[PDB]
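S.K.: Sharing input23.pdb here; it has PDB, C-alpha atoms.
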```
ATOM      1  CA  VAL I 154     210.572  89.657   0.818  1.00  0.00           C
ATOM      2  CA  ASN I 155     210.990  91.968   3.806  1.00  0.00           C
ATOM      3  CA  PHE I 156     211.986  91.069   7.363  1.00  0.00           C
ATOM      4  CA  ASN I 157     212.991  94.021   9.570  1.00  0.00           C
ATOM      5  CA  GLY I 158     213.752  96.748   7.034  1.00  0.00           C
ATOM      6  CA  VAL I 159     215.697  94.603   4.578  1.00  0.00           C
ATOM      7  CA  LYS I 160     214.399  93.878   1.086  1.00  0.00           C
ATOM      8  CA  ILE I 161     215.587  90.679  -0.596  1.00  0.00           C
ATOM      9  CA  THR I 162     214.983  89.787  -4.242  1.00  0.00           C
ATOM     10  CA  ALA I 163     216.144  86.517  -5.784  1.00  0.00           C
ATOM     11  CA  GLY I 164     216.708  85.353  -9.330  1.00  0.00           C
ATOM     12  CA  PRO I 165     216.343  85.139 -12.316  1.00  0.00           C
ATOM     13  CA  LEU I 166     218.394  82.898 -14.657  1.00  0.00           C
ATOM     14  CA  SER I 167     218.707  79.620 -12.845  1.00  0.00           C
ATOM     15  CA  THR I 168     220.270  78.247 -16.094  1.00  0.00           C
ATOM     16  CA  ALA I 169     216.806  78.058 -17.762  1.00  0.00           C
ATOM     17  CA  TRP I 170     216.829  74.241 -17.575  1.00  0.00           C
ATOM     18  CA  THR I 171     214.019  71.757 -17.045  1.00  0.00           C
ATOM     19  CA  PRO I 172     213.894  67.958 -17.126  1.00  0.00           C
ATOM     20  CA  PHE I 173     210.196  68.089 -17.890  1.00  0.00           C
ATOM     21  CA  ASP I 174     209.925  67.628 -21.642  1.00  0.00           C
ATOM     22  CA  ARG I 175     207.064  69.154 -23.639  1.00  0.00           C
ATOM     23  CA  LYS I 176     204.925  66.014 -23.258  1.00  0.00           C
ATOM     24  CA  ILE I 177     204.364  64.512 -19.801  1.00  0.00           C
ATOM     25  CA  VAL I 178     202.398  61.490 -18.562  1.00  0.00           C
ATOM     26  CA  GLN I 179     201.345  61.055 -14.939  1.00  0.00           C
ATOM     27  CA  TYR I 180     200.583  57.641 -13.444  1.00  0.00           C
ATOM     28  CA  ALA I 181     200.655  56.460  -9.831  1.00  0.00           C
ATOM     29  CA  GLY I 182     202.781  59.385  -8.695  1.00  0.00           C
ATOM     30  CA  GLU I 183     205.351  58.665 -11.405  1.00  0.00           C
ATOM     31  CA  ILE I 184     206.055  61.021 -14.291  1.00  0.00           C
ATOM     32  CA  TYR I 185     207.231  60.001 -17.756  1.00  0.00           C
ATOM     33  CA  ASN I 186     208.328  61.899 -20.868  1.00  0.00           C
ATOM     34  CA  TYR I 187     206.227  60.145 -23.482  1.00  0.00           C
ATOM     35  CA  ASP I 188     205.271  61.554 -26.885  1.00  0.00           C
ATOM     36  CA  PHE I 189     201.588  61.139 -26.344  1.00  0.00           C
ATOM     37  CA  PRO I 190     199.386  61.636 -29.417  1.00  0.00           C
ATOM     38  CA  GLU I 191     196.774  64.344 -29.562  1.00  0.00           C
ATOM     39  CA  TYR I 192     193.061  63.909 -28.952  1.00  0.00           C
ATOM     40  CA  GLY I 193     191.992  62.140 -32.127  1.00  0.00           C
ATOM     41  CA  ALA I 194     195.252  60.660 -33.412  1.00  0.00           C
ATOM     42  CA  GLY I 195     195.485  57.756 -30.992  1.00  0.00           C
ATOM     43  CA  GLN I 196     195.954  54.359 -32.535  1.00  0.00           C
ATOM     44  CA  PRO I 197     195.143  50.895 -31.188  1.00  0.00           C
ATOM     45  CA  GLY I 198     197.804  49.154 -29.162  1.00  0.00           C
ATOM     46  CA  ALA I 199     199.302  52.442 -27.997  1.00  0.00           C
ATOM     47  CA  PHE I 200     198.872  54.999 -25.259  1.00  0.00           C
ATOM     48  CA  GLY I 201     195.768  56.826 -26.447  1.00  0.00           C
TER      49      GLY I 201
ATOM     50  CA  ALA D 246     200.715 -18.475 -17.642  1.00  0.00           C
ATOM     51  CA  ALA D 247     201.956 -21.932 -18.628  1.00  0.00           C
ATOM     52  CA  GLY D 248     198.823 -24.091 -18.894  1.00  0.00           C
ATOM     53  CA  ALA D 249     197.486 -22.693 -22.163  1.00  0.00           C
ATOM     54  CA  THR D 250     198.058 -19.396 -23.978  1.00  0.00           C
ATOM     55  CA  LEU D 251     194.366 -19.108 -24.809  1.00  0.00           C
ATOM     56  CA  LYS D 252     194.621 -15.646 -26.304  1.00  0.00           C
ATOM     57  CA  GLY D 253     192.187 -13.172 -27.811  1.00  0.00           C
ATOM     58  CA  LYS D 254     191.790  -9.544 -28.805  1.00  0.00           C
ATOM     59  CA  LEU D 255     189.557  -6.689 -27.707  1.00  0.00           C
ATOM     60  CA  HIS D 256     188.955  -3.324 -29.282  1.00  0.00           C
ATOM     61  CA  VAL D 257     190.488  -0.012 -28.298  1.00  0.00           C
ATOM     62  CA  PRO D 258     187.760   2.645 -28.279  1.00  0.00           C
ATOM     63  CA  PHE D 259     188.389   6.370 -28.212  1.00  0.00           C
ATOM     64  CA  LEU D 260     190.203   6.299 -31.531  1.00  0.00           C
ATOM     65  CA  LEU D 261     191.476   9.483 -33.154  1.00  0.00           C
ATOM     66  CA  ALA D 262     188.943  10.733 -35.687  1.00  0.00           C
ATOM     67  CA  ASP D 263     188.567  13.852 -37.771  1.00  0.00           C
ATOM     68  CA  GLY D 264     186.274  16.759 -36.991  1.00  0.00           C
ATOM     69  CA  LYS D 265     185.884  20.509 -36.979  1.00  0.00           C
ATOM     70  CA  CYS D 266     187.402  22.602 -34.198  1.00  0.00           C
ATOM     71  CA  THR D 267     187.240  26.292 -33.380  1.00  0.00           C
ATOM     72  CA  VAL D 268     190.456  28.315 -33.605  1.00  0.00           C
ATOM     73  CA  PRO D 269     190.989  31.950 -32.583  1.00  0.00           C
ATOM     74  CA  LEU D 270     191.023  34.683 -35.184  1.00  0.00           C
ATOM     75  CA  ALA D 271     193.891  37.048 -34.614  1.00  0.00           C
ATOM     76  CA  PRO D 272     193.425  40.763 -34.033  1.00  0.00           C
ATOM     77  CA  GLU D 273     193.140  42.611 -37.283  1.00  0.00           C
ATOM     78  CA  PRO D 274     196.374  44.093 -38.673  1.00  0.00           C
ATOM     79  CA  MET D 275     196.845  47.691 -39.725  1.00  0.00           C
ATOM     80  CA  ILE D 276     198.285  47.801 -43.226  1.00  0.00           C
ATOM     81  CA  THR D 277     199.868  51.183 -43.937  1.00  0.00           C
ATOM     82  CA  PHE D 278     200.791  51.290 -47.614  1.00  0.00           C
ATOM     83  CA  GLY D 279     203.872  52.949 -49.036  1.00  0.00           C
ATOM     84  CA  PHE D 280     205.653  53.196 -52.334  1.00  0.00           C
ATOM     85  CA  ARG D 281     206.566  49.614 -53.181  1.00  0.00           C
ATOM     86  CA  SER D 282     206.299  48.658 -49.530  1.00  0.00           C
ATOM     87  CA  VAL D 283     203.685  47.411 -47.107  1.00  0.00           C
ATOM     88  CA  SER D 284     203.905  48.300 -43.420  1.00  0.00           C
ATOM     89  CA  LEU D 285     202.186  46.083 -40.870  1.00  0.00           C
ATOM     90  CA  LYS D 286     201.227  47.027 -37.339  1.00  0.00           C
ATOM     91  CA  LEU D 287     200.442  43.831 -35.465  1.00  0.00           C
ATOM     92  CA  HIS D 288     198.949  43.352 -31.995  1.00  0.00           C
ATOM     93  CA  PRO D 289     198.655  39.648 -31.145  1.00  0.00           C
ATOM     94  CA  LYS D 290     196.316  38.332 -28.490  1.00  0.00           C
ATOM     95  CA  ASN D 291     198.483  35.201 -28.439  1.00  0.00           C
ATOM     96  CA  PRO D 292     201.579  33.791 -30.156  1.00  0.00           C
ATOM     97  CA  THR D 293     200.681  34.006 -33.818  1.00  0.00           C
TER      98      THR D 293
END
```
The structure in this file should be written as structure tokens.

M.R.:
Amino acid sequence: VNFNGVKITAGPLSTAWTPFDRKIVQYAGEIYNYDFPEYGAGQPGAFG
Amino acid sequence: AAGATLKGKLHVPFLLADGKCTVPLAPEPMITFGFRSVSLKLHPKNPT
């Protein structure tokens, strides 16, 4: 970014962390880390 | 009364007789085999 002759550059390496696990489920604005099965491995009585 | 205990009997209807009645059939179980072991995934519609 540039304001009045300055040039500012931020990052990287903000500890490389995330809460968001590899598998995410979204419902009613709420987010959950569920191990959802792939398209064609879903069993009855389970999410999918 | 005290004049005369002129007594008699009358029948109770609506007795308790046999008959056939219709009972639910539970949701089908998923029987995953295994070496000298059965595994059962169960998903009851009602207390079974």

S.K.: Evaluate the ChimeraX specification (/D :<10) & /I and record the selected residues as a ChimeraX atom specification, following the chain and residue labels used in the document.

M.R.: /I:196-199

S.K.: One decimal, in Å: what's the spacing between CA of residue 185 (chain I) and CA of residue 173 (chain I)?

M.R.: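 Straight-line distance from CA of residue 185 (chain I) to CA of residue 173 (chain I) works out to 8.6 Å.
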
S.K.: Mind checking which residues fall within 12 Å of residue 270 (chain D), counting all atoms listed in the file, ignoring those fewer than 6 positions away in the same chain, and posting them as a PyMOL selection string?

M.R.: chain D and resi 289-293

S.K.: List every protein, DNA or RNA residue that has an atom no more than 10 Å from (207.2, 62.4, -26.5) in the file's coordinate frame, counting all atoms listed in the file, and report them as a ChimeraX atom specification.

M.R.: /I:174-178,185-190

S.K.: For the atom pair CA of residue 179 (chain I) and CA of residue 200 (chain I), what is the interatomic distance in Å to one decimal place?

M.R.: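 Atom-to-atom, CA of residue 179 (chain I) and CA of residue 200 (chain I) are spaced 12.2 Å apart.
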
S.K.: So the first atom is CA of residue 170 (chain I) and the second is CA of residue 184 (chain I); what is the distance between them in Å, to one decimal place?

M.R.: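 Spanning CA of residue 170 (chain I) to CA of residue 184 (chain I) is a straight-line distance of 17.4 Å.
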
S.K.: Take every atom of region 160-172 of chain I listed in the file, pad by 5 Å on each side, and give me the axis-aligned box centre and edge lengths in Å, one decimal, as lines of an AutoDock Vina configuration file.

M.R.:
```
center_x = 217.1
center_y = 80.9
center_z = -8.3
size_x = 16.4
size_y = 35.9
size_z = 28.8
```

S.K.: For region 249-271 of chain D, which lacks atoms in the input, supply N, CA and C atoms and format the output as a PDB file, in the coordinates of the input.

M.R.:
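Output file result27.pdb follows:
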```pdb
ATOM      1  N   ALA D 249     197.889 -22.887 -20.778  1.00  0.00           N
ATOM      2  CA  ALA D 249     197.486 -22.693 -22.163  1.00  0.00           C
ATOM      3  C   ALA D 249     197.426 -21.204 -22.457  1.00  0.00           C
ATOM      4  N   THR D 250     198.089 -20.789 -23.535  1.00  0.00           N
ATOM      5  CA  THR D 250     198.058 -19.396 -23.978  1.00  0.00           C
ATOM      6  C   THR D 250     196.804 -19.161 -24.823  1.00  0.00           C
ATOM      7  N   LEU D 251     195.660 -19.302 -24.164  1.00  0.00           N
ATOM      8  CA  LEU D 251     194.366 -19.108 -24.809  1.00  0.00           C
ATOM      9  C   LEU D 251     194.149 -17.613 -24.941  1.00  0.00           C
ATOM     10  N   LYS D 252     194.528 -17.080 -26.096  1.00  0.00           N
ATOM     11  CA  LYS D 252     194.621 -15.646 -26.304  1.00  0.00           C
ATOM     12  C   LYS D 252     193.468 -15.136 -27.150  1.00  0.00           C
ATOM     13  N   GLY D 253     193.245 -13.826 -27.076  1.00  0.00           N
ATOM     14  CA  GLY D 253     192.187 -13.172 -27.811  1.00  0.00           C
ATOM     15  C   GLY D 253     192.471 -11.688 -27.887  1.00  0.00           C
ATOM     16  N   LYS D 254     191.600 -10.969 -28.589  1.00  0.00           N
ATOM     17  CA  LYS D 254     191.790  -9.544 -28.805  1.00  0.00           C
ATOM     18  C   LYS D 254     190.498  -8.800 -28.523  1.00  0.00           C
ATOM     19  N   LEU D 255     190.656  -7.574 -28.040  1.00  0.00           N
ATOM     20  CA  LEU D 255     189.557  -6.689 -27.707  1.00  0.00           C
ATOM     21  C   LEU D 255     189.874  -5.288 -28.200  1.00  0.00           C
ATOM     22  N   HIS D 256     188.820  -4.549 -28.519  1.00  0.00           N
ATOM     23  CA  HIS D 256     188.955  -3.324 -29.282  1.00  0.00           C
ATOM     24  C   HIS D 256     189.315  -2.151 -28.389  1.00  0.00           C
ATOM     25  N   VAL D 257     190.178  -1.294 -28.916  1.00  0.00           N
ATOM     26  CA  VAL D 257     190.488  -0.012 -28.298  1.00  0.00           C
ATOM     27  C   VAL D 257     189.428   0.978 -28.767  1.00  0.00           C
ATOM     28  N   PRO D 258     188.621   1.541 -27.885  1.00  0.00           N
ATOM     29  CA  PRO D 258     187.760   2.645 -28.279  1.00  0.00           C
ATOM     30  C   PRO D 258     188.539   3.945 -28.187  1.00  0.00           C
ATOM     31  N   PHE D 259     187.822   5.045 -28.371  1.00  0.00           N
ATOM     32  CA  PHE D 259     188.389   6.370 -28.212  1.00  0.00           C
ATOM     33  C   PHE D 259     189.519   6.558 -29.217  1.00  0.00           C
ATOM     34  N   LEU D 260     189.283   6.077 -30.434  1.00  0.00           N
ATOM     35  CA  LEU D 260     190.203   6.299 -31.531  1.00  0.00           C
ATOM     36  C   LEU D 260     190.256   7.782 -31.886  1.00  0.00           C
ATOM     37  N   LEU D 261     191.159   8.107 -32.799  1.00  0.00           N
ATOM     38  CA  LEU D 261     191.476   9.483 -33.154  1.00  0.00           C
ATOM     39  C   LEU D 261     190.855   9.780 -34.508  1.00  0.00           C
ATOM     40  N   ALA D 262     189.714  10.449 -34.492  1.00  0.00           N
ATOM     41  CA  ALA D 262     188.943  10.733 -35.687  1.00  0.00           C
ATOM     42  C   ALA D 262     188.990  12.210 -36.022  1.00  0.00           C
ATOM     43  N   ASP D 263     188.559  12.503 -37.240  1.00  0.00           N
ATOM     44  CA  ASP D 263     188.567  13.852 -37.771  1.00  0.00           C
ATOM     45  C   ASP D 263     187.455  14.656 -37.111  1.00  0.00           C
ATOM     46  N   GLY D 264     187.291  15.889 -37.540  1.00  0.00           N
ATOM     47  CA  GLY D 264     186.274  16.759 -36.991  1.00  0.00           C
ATOM     48  C   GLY D 264     186.665  18.207 -37.178  1.00  0.00           C
ATOM     49  N   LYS D 265     185.704  19.071 -36.897  1.00  0.00           N
ATOM     50  CA  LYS D 265     185.884  20.509 -36.979  1.00  0.00           C
ATOM     51  C   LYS D 265     186.101  21.066 -35.585  1.00  0.00           C
ATOM     52  N   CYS D 266     187.081  21.953 -35.457  1.00  0.00           N
ATOM     53  CA  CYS D 266     187.402  22.602 -34.198  1.00  0.00           C
ATOM     54  C   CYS D 266     187.570  24.099 -34.398  1.00  0.00           C
ATOM     55  N   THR D 267     187.322  24.843 -33.331  1.00  0.00           N
ATOM     56  CA  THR D 267     187.240  26.292 -33.380  1.00  0.00           C
ATOM     57  C   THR D 267     188.562  26.903 -32.945  1.00  0.00           C
ATOM     58  N   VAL D 268     189.150  27.710 -33.820  1.00  0.00           N
ATOM     59  CA  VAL D 268     190.456  28.315 -33.605  1.00  0.00           C
ATOM     60  C   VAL D 268     190.303  29.822 -33.490  1.00  0.00           C
ATOM     61  N   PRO D 269     191.123  30.504 -32.698  1.00  0.00           N
ATOM     62  CA  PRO D 269     190.989  31.950 -32.583  1.00  0.00           C
ATOM     63  C   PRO D 269     191.291  32.623 -33.902  1.00  0.00           C
ATOM     64  N   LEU D 270     190.751  33.826 -34.045  1.00  0.00           N
ATOM     65  CA  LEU D 270     191.023  34.683 -35.184  1.00  0.00           C
ATOM     66  C   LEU D 270     191.784  35.889 -34.667  1.00  0.00           C
ATOM     67  N   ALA D 271     192.976  36.101 -35.201  1.00  0.00           N
ATOM     68  CA  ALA D 271     193.891  37.048 -34.614  1.00  0.00           C
ATOM     69  C   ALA D 271     193.341  38.463 -34.699  1.00  0.00           C
TER      70      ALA D 271
END
```
